[PDB]
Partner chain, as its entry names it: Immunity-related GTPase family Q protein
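The chain that follows stands alone, in the form solved without the partner chain, written as structure tokens.
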């Protein structure tokens, strides 16, 4: 399974309130939690929390992550939302409305392989 440190560090109600707070303050931005898939052949990420405009695409968000972890261009990266790889052409706003957690955050896992899910 995916075990999210964000959810282990904060109660459901804490996250519900905080997600609602940023969405009220920044209605055109989506709060994203990013964590590495356990065991993956990829470096862990230093920045876990992102507030990204809804107008960037999934491909663009992947680029942001790749750059954060200094992943070489020739080396692949896969994102997973609820165990499926999202389509790169979607906007982060579309992804958020279709996959947001019960707590109002969007949880995106990343890996160097797509053996984890669909």
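Numbering follows the first chain given and starts at 1. We call the rigid core whatever largest set of C-alpha positions still superposes within 1.5 Å between the two forms. Residues that one form lacks are left out of the comparison.
A second form of this protein, the form solved in complex with the partner chain, is not displayed here; the remarks below concern that form.
Checklist entry - Is residue 43 one of the residues lying within 4.5 Å of the partner chain in the deposited complex, judged by heavy atom distances? => result No, residue 43 sits far enough from the partner chain in the deposited complex that none of its heavy atoms falls within 4.5 Å.
Checklist entry - Is there a non-hydrogen atom of residue 66 within 4.5 angstroms of a non-hydrogen atom of the partner chain in the deposited complex? => result Residue 66: no contact with the partner chain in the deposited complex.
Item to check | Distance check, residue 27 to the partner chain in the deposited complex, heavy atom within 4.5 Å | outcome: Although the partner chain is absent here, residue 27 would stay clear of it in the deposited complex, with no heavy atoms inside 4.5 Å.
Next on the checklist: Is residue 105 part of the interface with the partner chain in the deposited complex - any heavy atom within 4.5 Å?
Outcome noted: Close contact exists here: in the deposited complex, residue 105 approaches the partner chain to within 4.5 Å, heavy atoms only.
Checklist entry - Against the rigid core, is the Cα displacement of residue 8 between this form and the one not shown at least 2 Å? => result Residue 8: C-alpha displaced by less than 2 Å between this form and the one not shown.
Checklist entry - Fitted on the core, where are the consecutive stretches (at least 3 residues) whose C-alpha atoms all shift 2 Å or more between this form and the one not shown? => result Run 113-118 stands out as the only one displaced between this form and the one not shown - at least 3 residues long.
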